[PDB]
$ cat model.cif   # mmCIF, C-alpha atoms
data_data
#
loop_
_atom_site.label_atom_id
_atom_site.label_comp_id
_atom_site.auth_asym_id
_atom_site.auth_seq_id
_atom_site.Cartn_x
_atom_site.Cartn_y
_atom_site.Cartn_z
CA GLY N 1 71.47 131.38 118.34
CA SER N 2 73.58 129.90 121.16
CA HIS N 3 72.52 126.23 121.28
CA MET N 4 75.99 124.64 120.96
CA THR N 5 78.64 122.75 122.96
CA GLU N 6 82.42 123.08 123.34
CA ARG N 7 83.44 119.90 125.19
CA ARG N 8 83.31 120.45 128.97
CA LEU N 9 86.08 118.52 130.78
CA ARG N 10 87.30 118.43 134.42
CA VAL N 11 90.85 118.72 135.78
CA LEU N 12 91.36 118.20 139.54
CA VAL N 13 94.73 119.92 139.65
CA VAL N 14 96.47 120.41 142.98
CA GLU N 15 99.98 120.80 144.44
CA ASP N 16 100.57 123.90 146.63
CA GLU N 17 98.29 126.97 146.87
CA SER N 18 98.49 130.13 144.70
CA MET N 19 100.94 128.55 142.21
CA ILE N 20 98.25 126.07 141.08
CA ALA N 21 95.25 128.33 141.71
CA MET N 22 95.47 131.36 139.37
CA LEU N 23 97.26 128.89 137.07
CA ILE N 24 94.00 126.86 136.79
CA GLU N 25 91.32 129.57 136.52
CA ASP N 26 93.23 131.46 133.82
CA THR N 27 93.94 128.36 131.71
CA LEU N 28 90.23 127.52 131.70
CA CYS N 29 89.42 131.11 130.70
CA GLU N 30 91.02 130.06 127.41
CA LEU N 31 89.99 126.38 127.05
CA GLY N 32 86.62 126.32 128.88
CA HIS N 33 87.12 123.34 131.23
CA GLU N 34 84.43 122.95 133.94
CA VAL N 35 86.51 123.79 137.08
CA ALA N 36 87.94 120.96 139.21
CA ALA N 37 90.66 121.11 141.89
CA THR N 38 93.12 123.80 143.03
CA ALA N 39 95.94 123.86 145.62
CA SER N 40 96.67 120.50 147.28
CA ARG N 41 93.86 118.90 149.29
CA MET N 42 93.71 115.41 150.83
CA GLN N 43 89.90 115.24 150.53
CA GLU N 44 89.85 116.13 146.81
CA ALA N 45 92.66 113.69 145.95
CA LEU N 46 90.76 110.84 147.64
CA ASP N 47 87.75 111.79 145.50
CA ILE N 48 89.70 111.68 142.23
CA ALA N 49 91.48 108.63 143.69
CA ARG N 50 88.18 106.78 144.09
CA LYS N 51 86.34 108.41 141.17
CA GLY N 52 88.69 107.15 138.44
CA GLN N 53 86.41 109.28 136.25
CA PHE N 54 87.44 112.95 136.33
CA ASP N 55 89.25 113.54 133.02
CA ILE N 56 92.53 114.52 134.79
CA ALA N 57 94.34 114.51 138.19
CA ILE N 58 97.42 116.62 139.01
CA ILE N 59 99.02 116.32 142.46
CA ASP N 60 102.73 117.35 142.62
CA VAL N 61 104.58 115.07 145.09
CA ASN N 62 107.71 117.18 145.62
CA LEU N 63 106.86 120.88 145.34
CA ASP N 64 106.24 123.04 148.41
CA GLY N 65 106.21 119.83 150.53
CA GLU N 66 105.30 116.81 148.35
CA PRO N 67 101.72 116.98 149.61
CA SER N 68 100.67 114.48 146.89
CA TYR N 69 99.82 111.90 149.60
CA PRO N 70 100.71 108.24 149.22
CA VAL N 71 98.05 108.09 146.49
CA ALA N 72 99.45 110.54 143.87
CA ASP N 73 102.44 108.29 144.47
CA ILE N 74 100.32 105.24 143.64
CA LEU N 75 98.39 107.10 140.93
CA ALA N 76 101.81 107.12 139.24
CA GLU N 77 102.73 103.48 139.95
CA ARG N 78 99.69 102.20 138.03
CA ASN N 79 98.55 105.40 136.26
CA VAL N 80 94.98 105.63 134.87
CA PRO N 81 93.21 107.83 132.25
CA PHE N 82 94.18 111.31 133.49
CA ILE N 83 97.32 113.45 133.84
CA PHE N 84 99.78 114.33 136.62
CA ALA N 85 102.64 116.58 137.65
CA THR N 86 105.39 116.31 140.29
CA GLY N 87 109.03 117.10 141.11
CA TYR N 88 110.07 114.24 138.78
CA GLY N 89 107.45 115.08 136.12
CA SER N 90 105.27 111.95 136.29
CA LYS N 91 108.01 109.48 135.09
CA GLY N 92 106.66 108.44 131.68
CA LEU N 93 103.32 107.75 133.41
CA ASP N 94 100.89 105.68 131.29
CA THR N 95 97.31 106.61 130.34
CA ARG N 96 94.94 107.14 127.40
CA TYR N 97 96.20 110.76 127.30
CA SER N 98 99.98 110.31 126.49
CA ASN N 99 102.03 112.28 129.10
CA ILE N 100 100.48 115.47 127.69
CA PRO N 101 101.36 118.47 129.98
CA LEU N 102 103.55 116.84 132.63
CA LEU N 103 104.02 119.61 135.22
CA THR N 104 106.86 120.49 137.60
CA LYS N 105 108.01 123.96 136.40
CA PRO N 106 106.85 127.60 136.41
CA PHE N 107 104.40 126.96 133.52
CA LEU N 108 105.62 126.92 129.88
CA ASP N 109 106.05 123.82 127.67
CA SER N 110 103.29 122.55 129.96
CA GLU N 111 100.42 124.24 128.10
CA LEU N 112 102.37 123.39 124.93
CA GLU N 113 102.63 119.65 125.59
CA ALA N 114 99.23 120.07 127.22
CA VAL N 115 97.45 120.32 123.86
CA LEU N 116 100.09 119.38 121.23
CA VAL N 117 100.60 115.94 122.84
CA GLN N 118 96.91 115.11 123.37
CA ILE N 119 96.81 113.03 120.19
CA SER N 120 96.24 109.86 122.28
CA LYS N 121 98.88 108.03 120.22
CA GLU N 122 97.55 104.52 119.44
CA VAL N 123 95.18 105.40 122.29
#
$ encode --input "model.cif" --output "structure tokens"
Amino acid sequence: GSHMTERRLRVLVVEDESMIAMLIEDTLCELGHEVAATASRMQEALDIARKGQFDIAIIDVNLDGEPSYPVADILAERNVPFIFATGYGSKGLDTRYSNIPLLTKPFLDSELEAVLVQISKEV
């Protein structure tokens, strides 16, 4: 039988180009997310900026050219349910997730804090 589910989530991650690409299709190969965003795009950000309903949103604002638009900047000033990564590593951003995998490095503790910190913590 194969009638089962495994929690399908979305993660619009973006920042540069190949550093966030292969780093998003390989991570899913292990978790099973349902694809979302790769590289840094102004059209996608606006979508996750107006959607406020996409599980997560990464948009580095200081790597390869801080292409995180003035919104990733704002997305950090108020923070919403999601996740983010940037040259400063969010900044203690607030959300129902709990910092989780704050990104701004060559991948490492990220995946670690990515799932070991997703306890919600007093939600």
$ resolve_selection --input "model.cif" --expression "the PyMOL selection byres ((chain N and resi 24) around 12)" --output "JSON, numbers by chain"
{"N": [10, 11, 12, 13, 14, 15, 17, 18, 19, 20, 21, 22, 23, 25, 26, 27, 28, 29, 30, 31, 32, 33, 34, 35, 36, 37, 38, 39, 58, 107, 111]}
$ write_last_selection --input "model.cif" --atoms "C-alpha atoms" --output "JSON list (two decimals), in the coordinates of the input"
[["chain", "number", "residue", "atom", "x", "y", "z"],
["N", 10, "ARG", "CA", 87.30, 118.43, 134.42],
["N", 11, "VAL", "CA", 90.85, 118.72, 135.78],
["N", 12, "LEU", "CA", 91.36, 118.20, 139.54],
["N", 13, "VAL", "CA", 94.73, 119.92, 139.65],
["N", 14, "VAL", "CA", 96.47, 120.41, 142.98],
["N", 15, "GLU", "CA", 99.98, 120.80, 144.44],
["N", 17, "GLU", "CA", 98.29, 126.97, 146.87],
["N", 18, "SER", "CA", 98.49, 130.13, 144.70],
["N", 19, "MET", "CA", 100.94, 128.55, 142.21],
["N", 20, "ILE", "CA", 98.25, 126.07, 141.08],
["N", 21, "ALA", "CA", 95.25, 128.33, 141.71],
["N", 22, "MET", "CA", 95.47, 131.36, 139.37],
["N", 23, "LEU", "CA", 97.26, 128.89, 137.07],
["N", 25, "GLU", "CA", 91.32, 129.57, 136.52],
["N", 26, "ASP", "CA", 93.23, 131.46, 133.82],
["N", 27, "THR", "CA", 93.94, 128.36, 131.71],
["N", 28, "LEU", "CA", 90.23, 127.52, 131.70],
["N", 29, "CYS", "CA", 89.42, 131.11, 130.70],
["N", 30, "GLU", "CA", 91.02, 130.06, 127.41],
["N", 31, "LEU", "CA", 89.99, 126.38, 127.05],
["N", 32, "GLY", "CA", 86.62, 126.32, 128.88],
["N", 33, "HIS", "CA", 87.12, 123.34, 131.23],
["N", 34, "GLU", "CA", 84.43, 122.95, 133.94],
["N", 35, "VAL", "CA", 86.51, 123.79, 137.08],
["N", 36, "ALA", "CA", 87.94, 120.96, 139.21],
["N", 37, "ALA", "CA", 90.66, 121.11, 141.89],
["N", 38, "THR", "CA", 93.12, 123.80, 143.03],
["N", 39, "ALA", "CA", 95.94, 123.86, 145.62],
["N", 58, "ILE", "CA", 97.42, 116.62, 139.01],
["N", 107, "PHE", "CA", 104.40, 126.96, 133.52],
["N", 111, "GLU", "CA", 100.42, 124.24, 128.10]]
$ resolve_selection --input "model.cif" --expression "the PyMOL selection byres ((chain N and resi 91) around 12)" --output "list in words"
residues 61, 73, 75, 76, 77, 78, 79, 83, 84, 85, 86, 87, 88, 89, 90, 92, 93, 94, 98, 99, 102, 103 and 104 of chain N
$ closest_residue --input "model.cif" --among "N:7, N:41, N:121, N:50" --to "residue 100 of chain N" --atoms "all atoms listed in the file"
N:121
$ closest_residue --input "model.cif" --among "N:60, N:68, N:74, N:5" --to "residue 43 of chain N" --atoms "all atoms listed in the file"
N:68
$ closest_residue --input "model.cif" --among "N:101, N:81, N:70, N:4" --to "residue 115 of chain N" --atoms "only C-alpha atoms"
N:101
$ atom_distance --input "model.cif" --atom1 "atom CA of residue 57 of chain N" --atom2 "atom CA of residue 120 of chain N"
16.7 Å
$ atom_distance --input "model.cif" --atom1 "atom CA of residue 117 of chain N" --atom2 "atom CA of residue 53 of chain N"
20.6 Å
$ atom_distance --input "model.cif" --atom1 "atom CA of residue 114 of chain N" --atom2 "atom CA of residue 9 of chain N"
13.7 Å
$ decode --input "model.cif" --residues "segment 74-122 of chain N" --atoms "C-alpha atoms" --output "tab-separated table (two decimals), in the first residue's frame"
chain	number	residue	atom	x	y	z
N	74	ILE	CA	11.36	44.53	6.59
N	75	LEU	CA	10.56	40.82	6.86
N	76	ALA	CA	13.19	40.98	9.61
N	77	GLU	CA	11.96	44.18	11.29
N	78	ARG	CA	8.55	42.63	12.03
N	79	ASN	CA	9.24	38.95	11.28
N	80	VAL	CA	6.32	36.54	10.65
N	81	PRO	CA	5.85	32.73	10.75
N	82	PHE	CA	8.74	31.61	8.52
N	83	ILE	CA	12.56	31.60	8.57
N	84	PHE	CA	15.35	33.76	7.12
N	85	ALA	CA	19.07	34.03	6.49
N	86	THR	CA	21.44	36.95	5.84
N	87	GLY	CA	24.94	38.33	6.43
N	88	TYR	CA	23.93	39.08	10.05
N	89	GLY	CA	22.00	35.81	10.48
N	90	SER	CA	18.46	37.17	10.95
N	91	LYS	CA	19.17	39.04	14.27
N	92	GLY	CA	17.13	36.99	16.75
N	93	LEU	CA	14.19	37.33	14.34
N	94	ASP	CA	10.82	36.39	15.89
N	95	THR	CA	8.32	33.82	14.58
N	96	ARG	CA	6.38	30.66	15.49
N	97	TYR	CA	9.45	28.68	14.32
N	98	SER	CA	12.20	29.87	16.80
N	99	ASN	CA	15.26	31.04	14.76
N	100	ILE	CA	15.65	27.44	13.56
N	101	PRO	CA	18.31	27.29	10.75
N	102	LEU	CA	19.45	30.92	10.52
N	103	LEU	CA	21.67	30.96	7.41
N	104	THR	CA	24.73	33.00	6.43
N	105	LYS	CA	27.52	30.36	6.12
N	106	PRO	CA	28.63	27.54	3.79
N	107	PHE	CA	25.97	25.15	5.20
N	108	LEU	CA	26.57	23.26	8.49
N	109	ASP	CA	24.94	24.01	11.87
N	110	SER	CA	22.20	25.32	9.58
N	111	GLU	CA	20.62	21.92	8.88
N	112	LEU	CA	21.41	21.13	12.53
N	113	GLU	CA	19.56	24.12	14.00
N	114	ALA	CA	17.19	23.64	11.08
N	115	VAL	CA	15.53	20.61	12.71
N	116	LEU	CA	16.89	20.50	16.30
N	117	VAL	CA	15.53	24.01	17.02
N	118	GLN	CA	12.09	23.52	15.42
N	119	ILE	CA	10.51	22.78	18.79
N	120	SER	CA	8.46	26.01	18.55
N	121	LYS	CA	9.37	26.86	22.15
N	122	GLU	CA	6.21	28.16	23.90
